[PDB]
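To start, the structure under review is shown below, and the notes come after it.
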Amino acid sequence: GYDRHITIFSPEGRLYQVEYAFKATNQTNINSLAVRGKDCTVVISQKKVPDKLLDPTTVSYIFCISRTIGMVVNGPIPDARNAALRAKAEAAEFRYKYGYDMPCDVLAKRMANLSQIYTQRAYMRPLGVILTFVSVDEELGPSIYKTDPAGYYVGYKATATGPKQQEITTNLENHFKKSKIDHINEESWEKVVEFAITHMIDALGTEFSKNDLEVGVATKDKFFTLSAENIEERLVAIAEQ
Amino acid sequence: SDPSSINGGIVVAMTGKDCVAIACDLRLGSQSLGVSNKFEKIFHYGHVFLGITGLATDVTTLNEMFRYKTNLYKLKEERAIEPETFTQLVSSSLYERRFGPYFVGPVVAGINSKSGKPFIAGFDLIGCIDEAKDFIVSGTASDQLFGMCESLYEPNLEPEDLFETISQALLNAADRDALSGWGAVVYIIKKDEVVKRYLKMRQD
Amino acid sequence: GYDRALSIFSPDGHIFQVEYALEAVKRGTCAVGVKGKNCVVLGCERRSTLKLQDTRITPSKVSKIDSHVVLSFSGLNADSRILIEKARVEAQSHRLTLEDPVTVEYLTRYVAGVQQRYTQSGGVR
Amino acid sequence: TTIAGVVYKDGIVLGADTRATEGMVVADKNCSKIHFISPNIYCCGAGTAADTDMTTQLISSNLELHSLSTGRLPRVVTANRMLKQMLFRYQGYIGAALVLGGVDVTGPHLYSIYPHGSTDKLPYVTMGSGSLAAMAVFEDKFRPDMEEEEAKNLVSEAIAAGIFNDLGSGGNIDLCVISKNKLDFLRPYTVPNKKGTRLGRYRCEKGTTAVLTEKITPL
Amino acid sequence: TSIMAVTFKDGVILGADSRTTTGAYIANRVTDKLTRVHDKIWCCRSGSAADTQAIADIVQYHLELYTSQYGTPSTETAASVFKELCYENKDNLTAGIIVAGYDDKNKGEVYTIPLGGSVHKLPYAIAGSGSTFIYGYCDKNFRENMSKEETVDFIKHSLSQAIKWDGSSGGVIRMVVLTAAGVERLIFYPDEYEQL
Amino acid sequence: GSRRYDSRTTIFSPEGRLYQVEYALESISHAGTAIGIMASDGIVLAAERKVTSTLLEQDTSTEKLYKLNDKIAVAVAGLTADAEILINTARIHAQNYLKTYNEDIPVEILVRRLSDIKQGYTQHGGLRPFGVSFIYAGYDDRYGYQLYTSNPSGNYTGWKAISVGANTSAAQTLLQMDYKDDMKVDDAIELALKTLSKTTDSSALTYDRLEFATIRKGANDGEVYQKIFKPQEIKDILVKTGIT
Amino acid sequence: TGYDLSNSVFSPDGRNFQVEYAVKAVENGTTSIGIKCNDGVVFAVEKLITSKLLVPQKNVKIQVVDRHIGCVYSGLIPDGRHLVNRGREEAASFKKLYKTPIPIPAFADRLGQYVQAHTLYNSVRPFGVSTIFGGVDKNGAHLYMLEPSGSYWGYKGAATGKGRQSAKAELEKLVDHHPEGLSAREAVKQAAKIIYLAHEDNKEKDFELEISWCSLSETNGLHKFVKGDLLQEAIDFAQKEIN
Amino acid sequence: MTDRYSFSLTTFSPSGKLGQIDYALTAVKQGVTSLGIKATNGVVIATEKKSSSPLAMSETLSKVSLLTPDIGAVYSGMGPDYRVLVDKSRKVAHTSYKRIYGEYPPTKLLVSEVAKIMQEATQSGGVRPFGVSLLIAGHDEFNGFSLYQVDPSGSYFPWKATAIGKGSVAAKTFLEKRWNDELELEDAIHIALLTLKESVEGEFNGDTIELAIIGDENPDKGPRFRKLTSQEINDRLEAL
Amino acid sequence: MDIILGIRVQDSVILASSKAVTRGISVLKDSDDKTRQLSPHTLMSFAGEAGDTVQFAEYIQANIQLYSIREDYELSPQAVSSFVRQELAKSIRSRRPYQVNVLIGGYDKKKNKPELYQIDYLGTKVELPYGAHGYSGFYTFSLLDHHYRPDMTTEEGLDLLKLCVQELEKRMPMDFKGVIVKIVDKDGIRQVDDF
Ligand SMILES: *[C@@H](CS(C)(=O)=O)[C@H](Cc1ccc(CN)cc1)NC(=O)[C@@H](NC(=O)[C@H](CC(C)C)NC(=O)[C@@H](Cc1ccccc1)N=[N+]=[N-])[C@@H](C)O
Ligand SMILES: [Cl-]
Ligand SMILES: [Mg+2]
Ligand SMILES: [Mg+2]
Ligand SMILES: [Mg+2]
């Protein structure tokens, strides 16, 4: 049964190492969510600091890839950082060669094509991560693109990733069935973040403090993460209505 | 010293009404010394004709190279190469030696078998395409040929009118060049017959 | 490159890939060599399982290495062509550098040295 | 060669003559010097003709593959970078001197690219042996945000200056007008010189040339 | 070319002419020789246009990739990357680059990188063919901790003279102001600066 | 490390056989039968296509008979994709020889070259062999008309008539029975088709299940012509010989 | 089964068992710790005295990288040295290009990516060390801990090796009882105590204490070893606290 | 890091089977149905857009890809494997063909080049075969309209009409009845939409179906490849 | 090396090649054979730069002899010349080119025809009735233009060759110490020992 140790076909036409890399994805026990506004793309993710000895400021699964592109990772941190460094390098090389900022989807496809190689070549293992890229693209507008260990990628109106992804997905599905639009019809990103947090609270059934969340926001010409106090202000506004 | 004028010689090609003509001299020399009077400079790969002037070792090498390439082309495509396609192949092949080029002046001539359209083309030694309808000239008496062609040529000539035009253009140009002559060949090419004629000319 | 050690020692001090190569020779059609007082004769078997053969063009069992030396063999035919080519090249290389054709002992020693090399090189049988 | 380009209100107007020379001799009186890069980007070419041709084709080919992968129209900056970085790498030995003009998502852009790998981004440029003649016309009459038919006339007038005053330049005037709504490839835009009329017929009558032998083969 | 970078109280200002010549022909009279490698790290370029453009693009790439990983680079770091390229490829380059940038910690900083590939940190720097004519003027008139208006006038007067005497220099005087407040682009036309 | 997963494609069995060669031959035994018959005035290549649907476009299809140059053709039995790799290599070797010597490559020299490539995959590199057996039909001015075969071992042999692929045992007996040395092309055409008609695993032999070719010097002015038969022509020769 | 025989193989869980086996080698090693203080960091390690024949103070375990970073590790000592050699190459190439000495987070990812790379292929073995490291950069003090998987985080305090649970408990008390922070000289004393308390897990053989520190005030932001009087003062403080 | 897998991962088993190719074909079988039909004046290729989530924008995932202006491709099997084949097919059409001959490759030769890439994954060191079967439709001046299938082995066959993946056995039978040599392109599109309805479970409309044609030139030439819009499919579903 | 001539008559090819080997001021040898037998019915004479000449000739000889053994067959003179030309044409764009000019005189046993190929160091091949390399041709070609006929016997070829060598001995400045003459016909290669 060496067809389960390396990336070759099993008799069913399956790649077990790819499937087991997908299972490594949930090893962190963190749920992420991404939604689109009019002018923005918001990504939120659970933050868990179990050890009191940890410096909580260094515990992060959101990455600033370029100025325009943000990336949240669902999976172990070593593979996350592997993917983060490569995406940063790819985005920088792109800008140098082609003279304009790498689009979100172009990066996603590039990282997906790399992930595909690990599913076909035997010496390389897949990375045990799902990469959700976010930006406000200058051509396509607010953008969410996701990559996985299979090398699959696709654009999203909104998405969710993690152990409780199905609950979050259906919660979001039901909202967009009502509104009948592909986005959160809201001017300010502040309110789109408030939406994202609110719909995660409803879906997961848990309340959040400022230190339980991690937020990333893409606008035109910059992606940035919120501080604990910026999130606290966001949580105050949710509670007050 | 100048590789393009060690061996000498010329090629000219013309279009006519439903026909093309390509012609060359027969000389090969080592500068002043005449060596061969049987050195033909026109070759063919199916129905596409290629004249090559310049350094004779490269003339021979390129002929052998385009035979090679057009043979593989035919095996893979299951059809003979067309003049338009071959012209692009010559250009590619010359430019891939951009910084160590073949010292040659190629000339394509032929009729597109599907459209019936008469086609000629010329190149510099690194593969820039001269894509002219009227006429293409090459070799050590290229200036002479340009002058002959510009005054003698007119469009839509019948095959045997065109023969007299290209032949007189070649012969009179060659006789004003020390390194050209020693005989000549003219191909008259129609959609499904080719007439090859050797010309009588002064042997000095 | 493919480096894998295929010819290796076993606990009883045998190199099985070399010994199994001898079994391939055992399978091959019989070849015989007899030297007289002023000649050598090379006899070779041709198996008659194969009729409808064209004997003009079928690879002959005896091969000339030079104008004065011949090589016959038993075993894998495809493998024999590789030894014959190498030997023929070395025969001409010897003439070129020594200005004298190979001795039969020298040519043998070369072919034998190629065969040996393939028993302790990685990636080859 | 006289190649030029201007940025006008709605987009880009490129211009070029049609004379291909080999030393002092004119090999082609109507050759194309305005090359296709992508559907929204064109390139006028001067310098070494083969280098000009093959450099544009290669970057056009690579941009086509880039544009298929990204699914969006290519930009002028990426055409500019790819040409620039290649020409720089070859330290001037690829003698391509380009006027690159096109229209992006970000608007109209015009570049001059030099053999050594330098590029200037400009509202108007001229290159080739007739650049000074053409540049005189632009310094005389250019203004920013021109209307289309005005810009067409200015470029045409600038190429003409090159045609007549520069010996390296001649033949017809080709234009290429590029805006968001259209691409107009005008070949020829103008024929400023009539072909010289010949007074005699010097073509020989049949049987005049002396033949030794003949062979006919059918196909 | 006439280029300079001058530190002052609130930060640093870069200045340059706009003329690019091919022999005696002015190929480009509206050249932008002040090029951005980071938000508040810019450079003045002199020498081969192809070389300085190629370098500046590579530096921009390195600092973009630095920023992705380690946050905003110092002006010193930018100068070190310029230096590394210029020094290690000295045999194949003709680049005289002034690097100027604004940190909040370090405030305004100016680094000059002449032909050799050496680095020199200075209060102000002048470079390009036209700089020879203003060594005297600049040394006599420069003071440390000038105001923004004084530094704009110091650069304007200096490059005015560089332009007046150097044929290789001319056209408009472009400037780029780097302070805590942000990035301001200034332009000064011949009719303004020639009458100084 | 990686050693764990290595099949070791280039080793002897205890009996002195090459495992992968033997197993590739087993693969080839299931492929559609191909027959070559050499006459005094030409060579016949006949081959049976496999699986076939009514929806397969036959006139633009080529799985069995390939052209190496104007003098030499091959009939394939085994993996078509593997054959095409080798075919393009052979096509190049012929043109390299033509370029070097200004003469068309002799048939045996081309055959040896390909066979030597196949051999290399059995002795080094750790890769699987090519699951292909060729029948080479060719002409040159030394030996005239020649038939050869090669197989995954890299061994090649010359033949007057031969089969490869499926039912070779049965096919070779039938050929050995009816072949004669003075035979002509038109007779060999008939023998080839009759042999396939009896050894086929299909219910009947039809034009849509066959590829067919002849190498004749039978041309004007003693020059060799390769004829790859069109679907309609295979149908006509099936009626002529009386099989349909 | 067989998923644990080869490095870089995902088990059906989604785990890399070879990495988890490397962790066992780490858990087998001696106790090492790191303490983040007000303006710097302190590192300390338990060195088991196998025999009287060991020369005191000579077999040094804590290693310096560049001039401002300290590294200490538990597990296979040669693997730790190999990682520090690489760290020194990374810190050198960073300073060569960017002039400034490598920041601690930047340096942490350099080690992190390299250790992670040794979990990507079956042709290499994972590192048999957890590495505690840090120092002072332009943004202040930073303490890190890096595991065989390539995982690392920032820490207030860190501990690894056989006595890690004992140590971790002691570090957690310091974090609770000093929210305003700990001084550099205090952290040296506390480091000595914690190694002495964590020595109960390796109590058969006696040991030798080794401490190092970077502090903006006490060492000018450079890595130095605690020697002589300051070392003896820390040993005395530690000996007093166990009694 | 040494790529130590210099040896084949696809080898002959005692029965003469190449295991990994067969297993790749099993992966293709599990994949969603796609088909191709050739008319007299065109070719049509079609497949179901099997959306992994309703939150996913299935417009961004293109199963039907343009390879050249006159050649299009569709697949059944593993999407990521298809994507990298399309990348390589597009590139090889430029490097080994357009940059040499100044024109795009004919359908059969581009197919042959893709087949070669797939064969090499079936014999080279340290790789598995591609887990896709391709259906390549195209036009060129001298061969006219053509439709090819390419399998994980590298083997390729020309078709009048065919289908691959999930419901291919049933679909091929459906096409055998309906196909003739006098079909117009509109008739073929009609038959494609009928055939594809059988294998689709859920929603059947322009948003859940991807369908492209190789036909007339759309205004040097215009491109013959055209991807039908969501609206253009729905119009033909009313006349169904 | 200096003078190498060739003449193709009715039924044979005759190669004449000088005996002198001169380095600088001194004639080192007066009996040097500037030829190699490539195959039984194909002979190659050569002249050019010292060292390169023999090295090239022997290298070609080795390759043709290898072909002969491998195929048990003699290549045609046409094939041998095309091989040699390609080797020289490859050489000319090398780091250090072979400075060697050759004549290949062969008898094609298939066609029953003598054949003479002249190839220079650039790879410039021509089939001729008579040929020469270097300055020899300047004197000799005019004689051969006058006196040659395609139907000449081998003895008539040798007489015409004597007239060529006499003219070279009269008008050339260098003493080339006479010529070694070799005849290539249907029966193989033989040396005329008195000339
Ligand atoms: C005008 C350029 S200039 C001197 O700056 O005014 C034209 C531009 C141009 C651009 C594209 C095309 C067609 N694609 C044609 C013209 N340039 C030239 O005319 C150059 N001429 C050539 O390059 C000619 C081309 C032949 C086909 C007439 N080639 C030669 O002159 C040399 C080639 C060569 C070039 C460089 C190095 C070595 C050789 N000849 N030959 N043979 C301009 C160079 O004249
Ligand atoms: Cl990619
Ligand atoms: Mg793998
Ligand atoms: Mg003359
Ligand atoms: Mg001035």
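FYI, nothing fancy with the structure tokens labels: chains A, B, ... in order, residues from 1 per chain, ligands from 1 as they appear.
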Taking the DSSP secondary structure from the backbone, can you list the residues of region 53-192 of chain I that are strand (DSSP E), as a ChimeraX atom specification?
/I:100-108,113-119,125-128,130-133,179-185,188-192
Find the residues in chain B near chain F: any atom within 8 Å counts, using only C-alpha atoms. Write them as an MDAnalysis selection string.
chainID B and resid 64:65 68 71:72 75
Enumerate as a compact mmCIF listing (two decimals) with N, CA and C atoms, in the first residue's frame the residues within 7 Å of ligand 2, counting only C-alpha atoms and all ligand atoms.
# COMPACT_ATOMS: atom_id res chain seq x y z
N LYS A 109 -4.11 31.55 -8.87
CA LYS A 109 -3.82 30.56 -9.92
C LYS A 109 -2.35 30.09 -9.90
N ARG A 110 -1.44 31.03 -9.69
CA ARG A 110 -0.01 30.72 -9.63
C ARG A 110 0.30 29.78 -8.47
N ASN A 113 -1.21 26.36 -9.25
CA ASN A 113 -0.37 25.61 -10.18
C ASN A 113 0.86 24.97 -9.50
N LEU A 114 1.43 25.68 -8.53
CA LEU A 114 2.50 25.14 -7.67
C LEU A 114 1.99 23.98 -6.82
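All residues, whether protein, DNA or RNA, that have an atom at most 10 Å from ligand 4 (counting only C-alpha atoms and all ligand atoms) are residues 9, 25, 27, 141, 171, 172, 173, 174, 175, 176, 177, 178, 179, 180, 181, 182, 183, 201, 202, 203 and 204 of chain B.
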What's the 8 Å shell around residue 37 (chain F), counting only C-alpha atoms, without same-chain residues fewer than 5 positions away, as a PyMOL selection string?
chain F and resi 43-45+147+160-162+188+192
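Atom pair CA of residue 239 (chain G) / CA of residue 130 (chain G): separated by 27.3 Å.
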Within 7 Å of ligand 1, counting only C-alpha atoms and all ligand atoms: which residues, as JSON, numbers by chain?
{"B": [105, 123, 124, 125, 126, 128, 129, 130], "D": [1, 2, 19, 20, 21, 22, 23, 27, 31, 32, 33, 45, 46, 47, 48, 49, 50, 52, 53, 128, 129, 130, 168, 169]}
For the residues in the current selection, export C-alpha atoms as a PDB file, in the first residue's frame.
ATOM      1  CA  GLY B 105      21.035  36.406 -49.181  1.00  0.00           C
ATOM      2  CA  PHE B 123      15.898  38.297 -46.642  1.00  0.00           C
ATOM      3  CA  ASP B 124      18.983  39.911 -45.151  1.00  0.00           C
ATOM      4  CA  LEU B 125      21.574  37.579 -43.515  1.00  0.00           C
ATOM      5  CA  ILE B 126      19.797  37.750 -40.095  1.00  0.00           C
ATOM      6  CA  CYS B 128      14.457  40.404 -41.949  1.00  0.00           C
ATOM      7  CA  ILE B 129      11.882  39.764 -44.686  1.00  0.00           C
ATOM      8  CA  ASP B 130      11.708  41.890 -47.835  1.00  0.00           C
TER       9      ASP B 130
ATOM     10  CA  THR D   1      12.975  55.562 -41.287  1.00  0.00           C
ATOM     11  CA  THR D   2      10.626  58.062 -39.705  1.00  0.00           C
ATOM     12  CA  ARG D  19      10.969  52.772 -47.044  1.00  0.00           C
ATOM     13  CA  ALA D  20      13.195  49.755 -46.291  1.00  0.00           C
ATOM     14  CA  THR D  21      16.787  50.386 -47.330  1.00  0.00           C
ATOM     15  CA  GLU D  22      19.930  48.335 -47.604  1.00  0.00           C
ATOM     16  CA  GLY D  23      22.659  50.971 -47.519  1.00  0.00           C
ATOM     17  CA  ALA D  27      14.705  47.220 -51.280  1.00  0.00           C
ATOM     18  CA  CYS D  31       7.074  47.891 -46.134  1.00  0.00           C
ATOM     19  CA  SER D  32       5.180  47.793 -42.836  1.00  0.00           C
ATOM     20  CA  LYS D  33       6.904  49.373 -39.815  1.00  0.00           C
ATOM     21  CA  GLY D  45       9.931  50.139 -35.465  1.00  0.00           C
ATOM     22  CA  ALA D  46      13.248  51.716 -36.476  1.00  0.00           C
ATOM     23  CA  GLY D  47      16.915  50.695 -36.303  1.00  0.00           C
ATOM     24  CA  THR D  48      17.941  47.185 -37.384  1.00  0.00           C
ATOM     25  CA  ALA D  49      14.837  45.841 -39.157  1.00  0.00           C
ATOM     26  CA  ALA D  50      15.232  42.143 -38.258  1.00  0.00           C
ATOM     27  CA  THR D  52      12.769  45.343 -34.678  1.00  0.00           C
ATOM     28  CA  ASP D  53      10.585  42.630 -36.259  1.00  0.00           C
ATOM     29  CA  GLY D 128      14.751  56.789 -36.849  1.00  0.00           C
ATOM     30  CA  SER D 129      16.940  58.775 -39.244  1.00  0.00           C
ATOM     31  CA  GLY D 130      14.008  61.182 -39.826  1.00  0.00           C
ATOM     32  CA  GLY D 168      16.583  57.226 -45.236  1.00  0.00           C
ATOM     33  CA  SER D 169      12.813  57.824 -45.132  1.00  0.00           C
TER      34      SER D 169
END
Considering only C-alpha atoms, extract the chain A residues located within 6 Å of chain G and return them as a list in words.
residues 5, 20, 21, 23, 24, 53, 54, 55, 58, 77, 78, 123, 124 and 125 of chain A
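With distances taken over only C-alpha atoms and all ligand atoms, H:127 is the one residue among H:110, H:127, H:46, H:100 lying closest to ligand 3.
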Do you know which residues are within 10 Å of ligand 5 using only C-alpha atoms and all ligand atoms? Can you write them as a PDB file with N, CA, C and O atoms, in the first residue's frame?
ATOM      1  N   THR E   1      23.025  66.520 -17.091  1.00  0.00           N
ATOM      2  CA  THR E   1      22.147  66.275 -15.903  1.00  0.00           C
ATOM      3  C   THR E   1      22.654  67.064 -14.710  1.00  0.00           C
ATOM      4  O   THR E   1      23.858  67.146 -14.481  1.00  0.00           O
ATOM      5  N   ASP E  17      17.049  68.495 -13.004  1.00  0.00           N
ATOM      6  CA  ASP E  17      16.636  69.086 -14.279  1.00  0.00           C
ATOM      7  C   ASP E  17      15.856  68.029 -15.078  1.00  0.00           C
ATOM      8  O   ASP E  17      15.570  66.940 -14.559  1.00  0.00           O
ATOM      9  N   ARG E  19      16.499  67.464 -18.805  1.00  0.00           N
ATOM     10  CA  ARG E  19      17.085  67.290 -20.136  1.00  0.00           C
ATOM     11  C   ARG E  19      17.820  65.957 -20.289  1.00  0.00           C
ATOM     12  O   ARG E  19      18.640  65.597 -19.447  1.00  0.00           O
ATOM     13  N   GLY E 130      26.311  68.857 -14.719  1.00  0.00           N
ATOM     14  CA  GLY E 130      26.132  70.235 -14.285  1.00  0.00           C
ATOM     15  C   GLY E 130      26.545  70.552 -12.853  1.00  0.00           C
ATOM     16  O   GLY E 130      26.640  71.734 -12.489  1.00  0.00           O
ATOM     17  N   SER E 160      19.407  76.162 -11.217  1.00  0.00           N
ATOM     18  CA  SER E 160      19.329  77.282 -12.166  1.00  0.00           C
ATOM     19  C   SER E 160      20.712  77.591 -12.770  1.00  0.00           C
ATOM     20  O   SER E 160      20.855  77.706 -13.995  1.00  0.00           O
ATOM     21  N   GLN E 161      21.716  77.697 -11.895  1.00  0.00           N
ATOM     22  CA  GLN E 161      23.108  77.915 -12.309  1.00  0.00           C
ATOM     23  C   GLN E 161      23.708  76.720 -13.039  1.00  0.00           C
ATOM     24  O   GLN E 161      24.391  76.892 -14.054  1.00  0.00           O
ATOM     25  N   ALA E 162      23.469  75.519 -12.514  1.00  0.00           N
ATOM     26  CA  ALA E 162      23.890  74.284 -13.180  1.00  0.00           C
ATOM     27  C   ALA E 162      23.352  74.219 -14.612  1.00  0.00           C
ATOM     28  O   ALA E 162      24.101  73.920 -15.547  1.00  0.00           O
ATOM     29  N   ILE E 163      22.061  74.530 -14.767  1.00  0.00           N
ATOM     30  CA  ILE E 163      21.400  74.584 -16.082  1.00  0.00           C
ATOM     31  C   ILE E 163      21.984  75.662 -16.995  1.00  0.00           C
ATOM     32  O   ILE E 163      22.192  75.413 -18.188  1.00  0.00           O
ATOM     33  N   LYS E 164      22.214  76.851 -16.436  1.00  0.00           N
ATOM     34  CA  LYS E 164      22.750  77.998 -17.185  1.00  0.00           C
ATOM     35  C   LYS E 164      24.065  77.684 -17.887  1.00  0.00           C
ATOM     36  O   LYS E 164      24.263  78.086 -19.036  1.00  0.00           O
ATOM     37  N   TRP E 165      24.950  76.980 -17.183  1.00  0.00           N
ATOM     38  CA  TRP E 165      26.301  76.701 -17.663  1.00  0.00           C
ATOM     39  C   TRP E 165      26.445  75.350 -18.371  1.00  0.00           C
ATOM     40  O   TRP E 165      27.193  75.254 -19.338  1.00  0.00           O
ATOM     41  N   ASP E 166      25.738  74.322 -17.904  1.00  0.00           N
ATOM     42  CA  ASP E 166      25.817  72.986 -18.511  1.00  0.00           C
ATOM     43  C   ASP E 166      24.821  72.833 -19.657  1.00  0.00           C
ATOM     44  O   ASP E 166      23.613  72.995 -19.461  1.00  0.00           O
ATOM     45  N   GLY E 167      25.332  72.521 -20.846  1.00  0.00           N
ATOM     46  CA  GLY E 167      24.489  72.240 -22.013  1.00  0.00           C
ATOM     47  C   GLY E 167      23.735  70.925 -21.902  1.00  0.00           C
ATOM     48  O   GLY E 167      22.623  70.792 -22.421  1.00  0.00           O
ATOM     49  N   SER E 168      24.341  69.959 -21.218  1.00  0.00           N
ATOM     50  CA  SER E 168      23.710  68.662 -20.969  1.00  0.00           C
ATOM     51  C   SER E 168      22.497  68.758 -20.033  1.00  0.00           C
ATOM     52  O   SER E 168      21.663  67.851 -20.017  1.00  0.00           O
ATOM     53  N   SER E 169      22.414  69.843 -19.255  1.00  0.00           N
ATOM     54  CA  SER E 169      21.278  70.118 -18.367  1.00  0.00           C
ATOM     55  C   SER E 169      20.351  71.205 -18.926  1.00  0.00           C
ATOM     56  O   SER E 169      20.767  72.046 -19.731  1.00  0.00           O
ATOM     57  N   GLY E 170      19.096  71.187 -18.485  1.00  0.00           N
ATOM     58  CA  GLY E 170      18.105  72.144 -18.963  1.00  0.00           C
ATOM     59  C   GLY E 170      16.669  71.739 -18.716  1.00  0.00           C
ATOM     60  O   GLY E 170      16.393  70.783 -17.988  1.00  0.00           O
ATOM     61  N   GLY E 171      15.758  72.486 -19.336  1.00  0.00           N
ATOM     62  CA  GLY E 171      14.326  72.251 -19.207  1.00  0.00           C
ATOM     63  C   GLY E 171      13.788  72.677 -17.855  1.00  0.00           C
ATOM     64  O   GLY E 171      14.277  73.646 -17.278  1.00  0.00           O
TER      65      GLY E 171
END
